[PDB]
Amino acid sequence: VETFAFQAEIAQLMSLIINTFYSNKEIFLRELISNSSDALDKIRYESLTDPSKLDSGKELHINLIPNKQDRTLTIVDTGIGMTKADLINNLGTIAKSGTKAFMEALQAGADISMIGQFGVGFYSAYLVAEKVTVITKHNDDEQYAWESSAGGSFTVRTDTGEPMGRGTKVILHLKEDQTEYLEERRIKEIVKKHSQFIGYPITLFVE
Ligand SMILES: Cc1nc(N)nc2c1C(=O)C[C@@H](c1ccccc1)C2
């Protein structure tokens, strides 16, 4: 298991998300679903010129999986996935995100719901999650598990468990007071409100 420090600005961003008083937390789901949709777009595009890239799975969709026993909400896609390098770069650094613009915008009257405009929607997971675990598989690499409870660090390890073919699974270990997002009616409401036009099937698992 390898432990890494977030780039300073990413740590600052996560701290702002965790510590700012902001009640409209439901937008995290929209942001993760949009990330999944973008990843599905990418594998769809790549497979046009190389259909063998779908050998790891033809189906392009998004699964939402609540588990009240474990207090987790899991968002799974069969999108492009991330290599180890992709994981560390995209989740651990500013990379090509608008991290800087976002934090300046918040100081200038923007609100946290606008996080998606700045390519850092992933971090909105920390509105509702005390820990986030990300399992991912890209065609060009092995399966990896990334994990962080914030506090300035994250871990990465090779994941030799059940192979997932291709895609990304985001596991939200919910804060104690955020269990509403495990409720079928609440999830349906949020999907209908914010993600009704997503171009891929979104299946809400039942328990
Ligand atoms: C391939 C993929 N699939 C999913 N489901 N989600 C993501 C990705 C990425 O590649 C980027 C990653 C990210 C995280 C943090 C900041 C910016 C981008 C989010």
# chains A, B, ... in the order shown; residues from 1 in each chain; ligands from 1
>>> select_by_dssp(residues="chain A", states="alpha helix (DSSP H)", output="ChimeraX atom specification")
/A:8-19,27-49,84-92,99-107,184-194
>>> residues_near_ligand(ligand="ligand 1", cutoff="7 Å", atoms="only C-alpha atoms and all ligand atoms", output="ChimeraX atom specification")
/A:32,35-36,39,77,79-82,86,90-91,97,119-123,167-169
>>> residues_around(residues="residue 75 (chain A)", least_positions_apart="6", cutoff="6 Å", atoms="only C-alpha atoms", output="short mmCIF file (atom, residue, chain, number, x, y, z; two decimals) with N, CA, C and O atoms, in the first residue's frame")
data_model
loop_
_atom_site.label_atom_id
_atom_site.label_comp_id
_atom_site.auth_asym_id
_atom_site.auth_seq_id
_atom_site.Cartn_x
_atom_site.Cartn_y
_atom_site.Cartn_z
N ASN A 63 -24.55 2.23 -12.41
CA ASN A 63 -25.31 1.56 -11.35
C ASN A 63 -25.19 2.33 -10.04
O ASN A 63 -24.10 2.76 -9.66
N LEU A 64 -26.31 2.51 -9.35
CA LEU A 64 -26.31 3.13 -8.03
C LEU A 64 -26.68 2.07 -7.01
O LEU A 64 -27.73 1.44 -7.11
N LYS A 169 -15.64 2.19 -9.74
CA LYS A 169 -16.60 2.06 -8.66
C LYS A 169 -16.22 3.05 -7.56
O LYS A 169 -15.16 2.93 -6.96
N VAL A 170 -17.10 4.02 -7.31
CA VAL A 170 -16.90 4.98 -6.23
C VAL A 170 -17.74 4.59 -5.02
O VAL A 170 -18.97 4.61 -5.09
#
>>> closest_residue(among="A:196, A:56, A:93, A:72", to="residue 183 (chain A)", atoms="only C-alpha atoms")
A:72
>>> closest_residue(among="A:171, A:125, A:14, A:65", to="residue 147 (chain A)", atoms="only C-alpha atoms")
A:171
>>> residues_around(residues="residue 11 (chain A)", least_positions_apart="4", cutoff="10 Å", atoms="only C-alpha atoms", output="number ranges by chain")
A: 5-7, 15-17, 92-93, 150-153
>>> write_last_selection(atoms="C-alpha atoms", output="PDB file, in the first residue's frame")
ATOM      1  CA  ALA A   5      -0.038  13.551   0.108  1.00  0.00           C
ATOM      2  CA  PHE A   6      -2.598  15.523  -1.889  1.00  0.00           C
ATOM      3  CA  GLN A   7      -1.190  18.508  -3.730  1.00  0.00           C
ATOM      4  CA  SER A  15     -10.970  21.073   3.590  1.00  0.00           C
ATOM      5  CA  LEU A  16     -13.258  23.789   2.206  1.00  0.00           C
ATOM      6  CA  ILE A  17     -15.798  21.169   1.104  1.00  0.00           C
ATOM      7  CA  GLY A  92      -4.257  13.668  -6.104  1.00  0.00           C
ATOM      8  CA  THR A  93      -3.313  16.855  -7.989  1.00  0.00           C
ATOM      9  CA  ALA A 150      -9.236  13.413   3.559  1.00  0.00           C
ATOM     10  CA  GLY A 151      -6.886  14.929   6.135  1.00  0.00           C
ATOM     11  CA  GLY A 152      -4.288  15.532   3.448  1.00  0.00           C
ATOM     12  CA  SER A 153      -3.466  12.011   2.304  1.00  0.00           C
TER      13      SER A 153
END
>>> residues_around(residues="residue 195 (chain A)", least_positions_apart="5", cutoff="9 Å", atoms="only C-alpha atoms", output="PyMOL selection string")
chain A and resi 29-30+33-34+190
>>> write_last_selection(atoms="N, CA and C atoms", output="mmCIF file, in the first residue's frame")
data_model
loop_
_atom_site.group_PDB
_atom_site.id
_atom_site.type_symbol
_atom_site.label_atom_id
_atom_site.label_comp_id
_atom_site.auth_asym_id
_atom_site.auth_seq_id
_atom_site.Cartn_x
_atom_site.Cartn_y
_atom_site.Cartn_z
ATOM 1 N N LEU A 29 -24.264 13.673 -5.994
ATOM 2 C CA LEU A 29 -24.674 12.545 -6.827
ATOM 3 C C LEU A 29 -24.664 12.933 -8.300
ATOM 4 N N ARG A 30 -25.194 14.118 -8.586
ATOM 5 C CA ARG A 30 -25.146 14.692 -9.921
ATOM 6 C C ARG A 30 -23.714 14.692 -10.443
ATOM 7 N N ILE A 33 -22.318 11.146 -11.116
ATOM 8 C CA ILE A 33 -22.999 10.620 -12.292
ATOM 9 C C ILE A 33 -22.473 11.272 -13.576
ATOM 10 N N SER A 34 -22.230 12.583 -13.539
ATOM 11 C CA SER A 34 -21.649 13.265 -14.697
ATOM 12 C C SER A 34 -20.241 12.761 -15.004
ATOM 13 N N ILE A 190 -33.324 12.756 -6.431
ATOM 14 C CA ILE A 190 -32.112 13.457 -6.834
ATOM 15 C C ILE A 190 -31.771 13.177 -8.291
#
>>> closest_residue(among="A:40, A:2, A:128, A:53", to="residue 176 (chain A)", atoms="only C-alpha atoms")
A:128
>>> select_by_dssp(residues="region 80-199 of chain A", states="strand (DSSP E or B)", output="number ranges by chain")
A: 129-137, 144-148, 153-158, 167-174
>>> closest_residue(among="A:42, A:100, A:137, A:186", to="residue 162 (chain A)", atoms="only C-alpha atoms")
A:137
>>> decode(residues="region 3-50 of chain A", atoms="N, CA and C atoms", output="PDB file, in the first residue's frame")
ATOM      1  N   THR A   3       1.131   5.397   0.328  1.00  0.00           N
ATOM      2  CA  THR A   3       0.443   6.560   0.865  1.00  0.00           C
ATOM      3  C   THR A   3       1.029   7.828   0.254  1.00  0.00           C
ATOM      4  N   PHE A   4       0.147   8.696  -0.234  1.00  0.00           N
ATOM      5  CA  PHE A   4       0.549   9.936  -0.892  1.00  0.00           C
ATOM      6  C   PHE A   4      -0.089  11.143  -0.210  1.00  0.00           C
ATOM      7  N   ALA A   5       0.574  12.291  -0.298  1.00  0.00           N
ATOM      8  CA  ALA A   5      -0.038  13.551   0.108  1.00  0.00           C
ATOM      9  C   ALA A   5      -0.754  14.171  -1.091  1.00  0.00           C
ATOM     10  N   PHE A   6      -1.943  14.718  -0.864  1.00  0.00           N
ATOM     11  CA  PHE A   6      -2.598  15.523  -1.889  1.00  0.00           C
ATOM     12  C   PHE A   6      -1.741  16.736  -2.184  1.00  0.00           C
ATOM     13  N   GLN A   7      -1.775  17.210  -3.427  1.00  0.00           N
ATOM     14  CA  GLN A   7      -1.190  18.508  -3.730  1.00  0.00           C
ATOM     15  C   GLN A   7      -1.840  19.526  -2.802  1.00  0.00           C
ATOM     16  N   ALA A   8      -1.073  20.521  -2.366  1.00  0.00           N
ATOM     17  CA  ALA A   8      -1.558  21.493  -1.383  1.00  0.00           C
ATOM     18  C   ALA A   8      -2.933  22.078  -1.714  1.00  0.00           C
ATOM     19  N   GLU A   9      -3.113  22.520  -2.952  1.00  0.00           N
ATOM     20  CA  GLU A   9      -4.377  23.132  -3.351  1.00  0.00           C
ATOM     21  C   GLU A   9      -5.549  22.144  -3.291  1.00  0.00           C
ATOM     22  N   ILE A  10      -5.277  20.865  -3.539  1.00  0.00           N
ATOM     23  CA  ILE A  10      -6.331  19.851  -3.458  1.00  0.00           C
ATOM     24  C   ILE A  10      -6.728  19.621  -2.002  1.00  0.00           C
ATOM     25  N   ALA A  11      -5.741  19.586  -1.112  1.00  0.00           N
ATOM     26  CA  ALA A  11      -6.022  19.476   0.317  1.00  0.00           C
ATOM     27  C   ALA A  11      -6.874  20.659   0.787  1.00  0.00           C
ATOM     28  N   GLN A  12      -6.530  21.853   0.315  1.00  0.00           N
ATOM     29  CA  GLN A  12      -7.280  23.057   0.658  1.00  0.00           C
ATOM     30  C   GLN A  12      -8.721  22.952   0.171  1.00  0.00           C
ATOM     31  N   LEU A  13      -8.890  22.487  -1.062  1.00  0.00           N
ATOM     32  CA  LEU A  13     -10.220  22.329  -1.642  1.00  0.00           C
ATOM     33  C   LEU A  13     -11.060  21.351  -0.834  1.00  0.00           C
ATOM     34  N   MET A  14     -10.479  20.207  -0.485  1.00  0.00           N
ATOM     35  CA  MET A  14     -11.209  19.206   0.283  1.00  0.00           C
ATOM     36  C   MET A  14     -11.594  19.737   1.663  1.00  0.00           C
ATOM     37  N   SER A  15     -10.683  20.468   2.294  1.00  0.00           N
ATOM     38  CA  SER A  15     -10.970  21.073   3.590  1.00  0.00           C
ATOM     39  C   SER A  15     -12.128  22.074   3.499  1.00  0.00           C
ATOM     40  N   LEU A  16     -12.168  22.839   2.416  1.00  0.00           N
ATOM     41  CA  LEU A  16     -13.258  23.789   2.206  1.00  0.00           C
ATOM     42  C   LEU A  16     -14.591  23.049   2.063  1.00  0.00           C
ATOM     43  N   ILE A  17     -14.578  21.940   1.332  1.00  0.00           N
ATOM     44  CA  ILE A  17     -15.798  21.169   1.104  1.00  0.00           C
ATOM     45  C   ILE A  17     -16.306  20.541   2.403  1.00  0.00           C
ATOM     46  N   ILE A  18     -15.376  20.028   3.196  1.00  0.00           N
ATOM     47  CA  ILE A  18     -15.697  19.380   4.460  1.00  0.00           C
ATOM     48  C   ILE A  18     -16.128  20.365   5.548  1.00  0.00           C
ATOM     49  N   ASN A  19     -15.491  21.532   5.592  1.00  0.00           N
ATOM     50  CA  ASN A  19     -15.675  22.445   6.718  1.00  0.00           C
ATOM     51  C   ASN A  19     -16.609  23.637   6.487  1.00  0.00           C
ATOM     52  N   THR A  20     -16.916  23.940   5.231  1.00  0.00           N
ATOM     53  CA  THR A  20     -17.843  25.027   4.937  1.00  0.00           C
ATOM     54  C   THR A  20     -19.274  24.618   5.276  1.00  0.00           C
ATOM     55  N   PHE A  21     -20.001  25.474   5.990  1.00  0.00           N
ATOM     56  CA  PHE A  21     -21.415  25.196   6.231  1.00  0.00           C
ATOM     57  C   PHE A  21     -22.218  25.366   4.943  1.00  0.00           C
ATOM     58  N   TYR A  22     -22.818  24.274   4.480  1.00  0.00           N
ATOM     59  CA  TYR A  22     -23.501  24.260   3.192  1.00  0.00           C
ATOM     60  C   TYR A  22     -24.506  23.116   3.164  1.00  0.00           C
ATOM     61  N   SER A  23     -25.791  23.448   3.171  1.00  0.00           N
ATOM     62  CA  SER A  23     -26.830  22.436   3.370  1.00  0.00           C
ATOM     63  C   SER A  23     -27.225  21.652   2.113  1.00  0.00           C
ATOM     64  N   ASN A  24     -27.001  22.237   0.937  1.00  0.00           N
ATOM     65  CA  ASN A  24     -27.406  21.638  -0.343  1.00  0.00           C
ATOM     66  C   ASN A  24     -26.475  20.509  -0.798  1.00  0.00           C
ATOM     67  N   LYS A  25     -26.317  19.492   0.045  1.00  0.00           N
ATOM     68  CA  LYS A  25     -25.328  18.441  -0.190  1.00  0.00           C
ATOM     69  C   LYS A  25     -25.681  17.476  -1.324  1.00  0.00           C
ATOM     70  N   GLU A  26     -26.959  17.406  -1.685  1.00  0.00           N
ATOM     71  CA  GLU A  26     -27.435  16.404  -2.640  1.00  0.00           C
ATOM     72  C   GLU A  26     -26.739  16.446  -4.006  1.00  0.00           C
ATOM     73  N   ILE A  27     -26.088  17.562  -4.323  1.00  0.00           N
ATOM     74  CA  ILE A  27     -25.454  17.726  -5.632  1.00  0.00           C
ATOM     75  C   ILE A  27     -24.267  16.790  -5.883  1.00  0.00           C
ATOM     76  N   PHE A  28     -23.763  16.150  -4.834  1.00  0.00           N
ATOM     77  CA  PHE A  28     -22.651  15.218  -5.004  1.00  0.00           C
ATOM     78  C   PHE A  28     -23.009  14.118  -6.013  1.00  0.00           C
ATOM     79  N   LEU A  29     -24.264  13.673  -5.994  1.00  0.00           N
ATOM     80  CA  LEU A  29     -24.674  12.545  -6.827  1.00  0.00           C
ATOM     81  C   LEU A  29     -24.664  12.933  -8.300  1.00  0.00           C
ATOM     82  N   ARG A  30     -25.194  14.118  -8.586  1.00  0.00           N
ATOM     83  CA  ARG A  30     -25.146  14.692  -9.921  1.00  0.00           C
ATOM     84  C   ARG A  30     -23.714  14.692 -10.443  1.00  0.00           C
ATOM     85  N   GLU A  31     -22.779  15.129  -9.601  1.00  0.00           N
ATOM     86  CA  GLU A  31     -21.395  15.289 -10.034  1.00  0.00           C
ATOM     87  C   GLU A  31     -20.724  13.956 -10.332  1.00  0.00           C
ATOM     88  N   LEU A  32     -20.985  12.947  -9.503  1.00  0.00           N
ATOM     89  CA  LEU A  32     -20.390  11.634  -9.732  1.00  0.00           C
ATOM     90  C   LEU A  32     -21.014  10.970 -10.956  1.00  0.00           C
ATOM     91  N   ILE A  33     -22.318  11.146 -11.116  1.00  0.00           N
ATOM     92  CA  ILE A  33     -22.999  10.620 -12.292  1.00  0.00           C
ATOM     93  C   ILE A  33     -22.473  11.272 -13.576  1.00  0.00           C
ATOM     94  N   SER A  34     -22.230  12.583 -13.539  1.00  0.00           N
ATOM     95  CA  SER A  34     -21.649  13.265 -14.697  1.00  0.00           C
ATOM     96  C   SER A  34     -20.241  12.761 -15.004  1.00  0.00           C
ATOM     97  N   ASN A  35     -19.452  12.499 -13.965  1.00  0.00           N
ATOM     98  CA  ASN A  35     -18.122  11.932 -14.168  1.00  0.00           C
ATOM     99  C   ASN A  35     -18.199  10.573 -14.844  1.00  0.00           C
ATOM    100  N   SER A  36     -19.130   9.742 -14.385  1.00  0.00           N
ATOM    101  CA  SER A  36     -19.370   8.437 -14.998  1.00  0.00           C
ATOM    102  C   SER A  36     -19.782   8.583 -16.461  1.00  0.00           C
ATOM    103  N   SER A  37     -20.691   9.515 -16.734  1.00  0.00           N
ATOM    104  CA  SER A  37     -21.148   9.747 -18.100  1.00  0.00           C
ATOM    105  C   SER A  37     -19.981  10.147 -19.007  1.00  0.00           C
ATOM    106  N   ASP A  38     -19.131  11.052 -18.522  1.00  0.00           N
ATOM    107  CA  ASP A  38     -17.945  11.470 -19.273  1.00  0.00           C
ATOM    108  C   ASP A  38     -17.011  10.294 -19.555  1.00  0.00           C
ATOM    109  N   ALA A  39     -16.862   9.401 -18.581  1.00  0.00           N
ATOM    110  CA  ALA A  39     -15.995   8.239 -18.748  1.00  0.00           C
ATOM    111  C   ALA A  39     -16.585   7.241 -19.748  1.00  0.00           C
ATOM    112  N   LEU A  40     -17.910   7.135 -19.761  1.00  0.00           N
ATOM    113  CA  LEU A  40     -18.593   6.284 -20.729  1.00  0.00           C
ATOM    114  C   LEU A  40     -18.468   6.864 -22.140  1.00  0.00           C
ATOM    115  N   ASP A  41     -18.551   8.190 -22.251  1.00  0.00           N
ATOM    116  CA  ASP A  41     -18.343   8.863 -23.531  1.00  0.00           C
ATOM    117  C   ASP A  41     -16.991   8.487 -24.103  1.00  0.00           C
ATOM    118  N   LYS A  42     -15.983   8.459 -23.234  1.00  0.00           N
ATOM    119  CA  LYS A  42     -14.613   8.248 -23.684  1.00  0.00           C
ATOM    120  C   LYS A  42     -14.378   6.833 -24.212  1.00  0.00           C
ATOM    121  N   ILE A  43     -14.856   5.824 -23.492  1.00  0.00           N
ATOM    122  CA  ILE A  43     -14.698   4.450 -23.965  1.00  0.00           C
ATOM    123  C   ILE A  43     -15.543   4.209 -25.220  1.00  0.00           C
ATOM    124  N   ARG A  44     -16.727   4.812 -25.276  1.00  0.00           N
ATOM    125  CA  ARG A  44     -17.544   4.738 -26.483  1.00  0.00           C
ATOM    126  C   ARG A  44     -16.754   5.253 -27.686  1.00  0.00           C
ATOM    127  N   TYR A  45     -16.153   6.429 -27.531  1.00  0.00           N
ATOM    128  CA  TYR A  45     -15.390   7.039 -28.616  1.00  0.00           C
ATOM    129  C   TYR A  45     -14.196   6.179 -29.037  1.00  0.00           C
ATOM    130  N   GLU A  46     -13.393   5.765 -28.062  1.00  0.00           N
ATOM    131  CA  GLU A  46     -12.228   4.934 -28.348  1.00  0.00           C
ATOM    132  C   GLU A  46     -12.581   3.635 -29.079  1.00  0.00           C
ATOM    133  N   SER A  47     -13.722   3.044 -28.741  1.00  0.00           N
ATOM    134  CA  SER A  47     -14.092   1.757 -29.319  1.00  0.00           C
ATOM    135  C   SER A  47     -14.571   1.864 -30.762  1.00  0.00           C
ATOM    136  N   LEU A  48     -14.871   3.080 -31.206  1.00  0.00           N
ATOM    137  CA  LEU A  48     -15.262   3.298 -32.596  1.00  0.00           C
ATOM    138  C   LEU A  48     -14.134   2.898 -33.540  1.00  0.00           C
ATOM    139  N   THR A  49     -12.904   3.228 -33.158  1.00  0.00           N
ATOM    140  CA  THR A  49     -11.741   2.924 -33.987  1.00  0.00           C
ATOM    141  C   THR A  49     -11.020   1.650 -33.543  1.00  0.00           C
ATOM    142  N   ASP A  50     -11.371   1.146 -32.364  1.00  0.00           N
ATOM    143  CA  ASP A  50     -10.780  -0.086 -31.851  1.00  0.00           C
ATOM    144  C   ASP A  50     -11.783  -0.854 -30.994  1.00  0.00           C
TER     145      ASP A  50
END
